[PDB]
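Asker:
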Amino acid sequence: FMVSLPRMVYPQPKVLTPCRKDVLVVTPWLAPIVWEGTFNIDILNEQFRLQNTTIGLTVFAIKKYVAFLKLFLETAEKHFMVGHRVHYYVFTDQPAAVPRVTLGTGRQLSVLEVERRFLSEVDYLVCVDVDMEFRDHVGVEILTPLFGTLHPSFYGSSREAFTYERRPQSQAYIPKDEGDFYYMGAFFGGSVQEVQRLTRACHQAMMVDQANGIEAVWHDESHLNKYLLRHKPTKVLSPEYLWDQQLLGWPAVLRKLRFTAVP
Ligand SMILES: OC[C@H]1O[C@@H](O)[C@H](O)[C@@H](O)[C@H]1O
Ligand SMILES: [Cl-]
Ligand SMILES: [Hg+2]
Ligand SMILES: [Hg+2]
Ligand SMILES: [Hg+2]
Ligand SMILES: [Hg+2]
Ligand SMILES: [Hg+2]
Ligand SMILES: [Hg+2]
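Laid out in structure tokens, this is it:
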């Protein structure tokens, strides 16, 4: 059950005036592709806050990567789901090495040394790499049952150029005449149920490959792409959400650089 939104004053959407004329804002299966200018964050914030939405952000920090946690968490505090309930889950082999980062109210961090917990603790799960930093708003506009993010190096490439696993012997195999987009494995998520379905599917597919003596060209990412090809995401995030400015600069098509790689 969802309560009614309160009175709100904002610019009237214009039916005869497209959001963007330079990019695709909706997929062929009617899933929005999230770009700056396509959403009114005030309306979305209201919708998700009225549902007391809790977002879980999971990251794995092993070995040398624990060094990226401080910047990752500090910037997440400034740009990730601000105003909403957030629960960080840091999976690490060095619990004592996790930095003591100051969190805003309604935000929590759990250290898990290296389930049902997720189903009872959060509504959505967002899975990202730790060697990154938030530079701009990353909010509820990304929440949906299942989402993938366009890889910054292939958003303008033809499917033939996509680095999908091309060997039929692999469970992640995708032929040259198939494929919608090339999603990057560094940023995906959705409802806890959908994320667990995806991780379960990929885990089993990888085991099958292992038994067959084969390893997907881009490992987990190859399997992620096969899954999202067969189970269309309900939202697709634009490269604004996964960028590398030193490697790719700042093209006009990107009005904002929200989550980027750390040099
Ligand atoms: O072609 C796929 C590869 O693209 C690279 O730019 C990226 O650093 C790799 O992690 C992998 O995603
Ligand atoms: Cl994950
Ligand atoms: Hg618009
Ligand atoms: Hg995850
Ligand atoms: Hg993760
Ligand atoms: Hg998969
Ligand atoms: Hg996997
Ligand atoms: Hg996967």
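If you count by the entry's author numbering, then the sequence shown holds residues 62 to 175, 197 to 345, one letter each, in order.
Don't be surprised by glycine CBs; every beta carbon is placed ideally from N, CA and C.
Taking the continuous beta strand (DSSP E) assigned at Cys284, which residues delimit it?
Answerer: Working through the sequence shown from its first residue, we reach residue 284 at position 202. No beta strand (DSSP E) contains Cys284, which is instead part of the alpha helix (DSSP H) from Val274 to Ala293.
Asker: When every heavy atom of ligand 1 is checked, does at least one fall within less than 7 angstroms of the C-beta of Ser235?
Answerer: Indexing the sequence shown from 1 puts residue 235 at position 153. Indeed, a heavy atom of ligand 1 lies less than 7 angstroms from the Cβ.
Asker: Alpha carbon to alpha carbon, what distance is there between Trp90 and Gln275?
Answerer: Numbered from 1 along the sequence shown, position 193 holds the residue referred to as residue 275. Numbered from 1 along the sequence shown, position 29 holds the residue referred to as residue 90. Each residue's alpha carbon lies about 21 angstroms from the other.
Asker: Starting from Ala137, follow the alpha helix (DSSP H) in both directions and report where the run begins and ends.
Answerer: In the sequence shown, the residue the question calls residue 137 occupies position 76. It spans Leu130 to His140 - the alpha helix (DSSP H) in which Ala137 sits, taken as one unbroken run.
Asker: Using C-beta distances below 7 angstroms, list every residue in its chain close to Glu223, excluding the 5 sequence neighbours before and after it, in chain order.
Answerer: Translated into the one-based positions of the sequence shown, residue 223 becomes position 141. Closer than 7 angstroms at the Cβ level, and outside the excluded window around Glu223, lie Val95, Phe100, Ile102 and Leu105.
Asker: How big is the Cα-Cα spacing for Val162 and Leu170?
Answerer: In the sequence shown, the residue the question calls residue 162 occupies position 101. In the sequence shown, the residue the question calls residue 170 occupies position 109. Their backbone Cα atoms lie some 9 angstroms apart in a straight line.
Asker: Note down the Cα distance separating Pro74 from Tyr255, rounded to an integer number of angstroms.
Answerer: Here residue 74 refers to the residue found at position 13 of the sequence shown. Here residue 255 refers to the residue found at position 173 of the sequence shown. Distance between the alpha carbons of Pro74 and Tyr255 is about 42 angstroms.
Asker: Quick check: is any heavy atom of ligand 7 less than 7 angstroms from the C-beta of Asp211?
Answerer: Residue numbering aside, residue 211 sits at position 129 when the sequence shown is read from its first letter. For ligand 7, not one heavy atom lies less than 7 angstroms from the Cβ of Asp211.
Asker: Can you say whether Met288 is buried or exposed, counting buried as having 16 or more other CB atoms within 10 angstroms of its CB?
Answerer: The count along the sequence shown starts at 1 and reaches residue 288 at position 206. Classification of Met288: buried, given that the 10 Å Cβ count is 16 or more.
Asker: Give me the residue from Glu215, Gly261, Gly221 and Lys317 with the minimum Cα distance to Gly144.
Answerer: For the purposes of this step, residue 144 is identified with residue 83 of the sequence shown, where counting begins at 1. Ranking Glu215, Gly261, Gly221 and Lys317 by Cα distance to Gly144 puts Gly221 first.
Asker: Do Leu306 and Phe270 have their C-beta atoms closer together than 8 angstroms?
Answerer: Locating residue 306 in the sequence shown gives position 224, counting from the first residue. Locating residue 270 in the sequence shown gives position 188, counting from the first residue. Cβ distance < 8 angstroms, so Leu306 and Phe270 count as in contact.
Asker: Near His148, what residues of its chain come up, given a Cβ to Cβ distance below 8 angstroms and the 5 sequence neighbours on each side ignored?
Answerer: Numbered from 1 along the sequence shown, position 87 holds the residue referred to as residue 148. These residues qualify, in order along the chain: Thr115, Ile116, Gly117, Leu118, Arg168, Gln169, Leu170, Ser171, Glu203 and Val204.
Asker: Whole angstroms are fine: how far does the CA of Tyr71 sit from the CA of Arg248?
Answerer: In the sequence shown, residue 248 corresponds to position 166, counting from 1. In the sequence shown, residue 71 corresponds to position 10, counting from 1. The alpha-carbon atoms of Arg248 and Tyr71 are separated by roughly 48 angstroms.
Asker: For ligand 8, is there a heavy atom less than 7 angstroms away from the beta-carbon of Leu306?
Answerer: Residue mapping note: residue 306 aligns to position 224 of the sequence shown, counting from 1. Because some heavy atom of ligand 8 lies under 7 angstroms away, the Cβ of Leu306 counts as near it: yes.
Asker: Over the uninterrupted beta strand (DSSP E) stretch that includes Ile116, give me the two end residues.
Answerer: Numbered from its first residue, the sequence shown carries residue 116 at position 55. Its beta strand (DSSP E) spans residues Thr115 to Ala122.
Asker: Assuming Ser273 and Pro227 make a contact with CB atoms under 8 angstroms, what is their CB distance in whole Å?
Answerer: Residue 273 sits at position 191 when you count from the first residue of the sequence shown. Residue 227 sits at position 145 when you count from the first residue of the sequence shown. Contact flag correct, Cβ pair sits at about 5 angstroms.
Asker: Rounded to whole angstroms, how far is the Cβ of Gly230 from the Cβ of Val318, which I believe are closer than 8 angstroms?
Answerer: Taking the sequence shown and counting its residues from 1, the one referred to as residue 230 is at position 148. Taking the sequence shown and counting its residues from 1, the one referred to as residue 318 is at position 236. Yes, they are in contact, since the Cβ atoms of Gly230 and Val318 sit about 6 angstroms apart, within 8 angstroms.
Asker: Assuming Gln327 is part of the alpha helix (DSSP H), what are its boundary residues?
Answerer: Position 245 of the sequence shown holds residue 327. Element bounds for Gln327: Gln327 to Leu330.
Asker: Run the proximity test for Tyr255: is its beta-carbon closer than 7 angstroms to any non-hydrogen atom belonging to ligand 6?
Answerer: Residue mapping note: residue 255 aligns to position 173 of the sequence shown, counting from 1. It does not: the Cβ of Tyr255 is nowhere closer than 7 angstroms to a heavy atom of ligand 6.
Asker: Grab me the residues of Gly98's own chain with a C-beta within less than 8 angstroms of its C-beta, minus the 5 sequence neighbours each way, in chain order.
Answerer: Counting from one through the sequence shown, the residue named residue 98 turns up at place 37. Answer for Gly98: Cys80, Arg81 and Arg337, listed in chain order.
Asker: What do you get for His285, buried or exposed, if any count of 16 or more other CB atoms within 10 angstroms of its CB means buried?
Answerer: Here residue 285 refers to the residue found at position 203 when the sequence shown is read from its first residue. Looking at its Cβ environment, which holds fewer than 16 other Cβ atoms inside 10 Å, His285 is exposed.
Asker: Out of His140, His313 and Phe129, state which residue places its alpha-carbon closest to the alpha-carbon of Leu280.
Answerer: Sequence index remark: in the sequence shown, residue 280 carries index 198 (1-based). Nearest option by C-alpha distance: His313.
Asker: Tell me the residue span of the beta strand (DSSP E) that contains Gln253.
Answerer: In the sequence shown, residue 253 corresponds to position 171, counting from 1. Where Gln253 is concerned, there is no enclosing beta strand (DSSP E), given that its DSSP letter is neither H nor E.
Asker: If you draw a straight line from the alpha carbon of residue 364 to that of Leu134, how long is it in whole angstroms?
Answerer: Lying outside 62 to 345, the shown extent of the chain, residue 364 is not represented and no answer is given.
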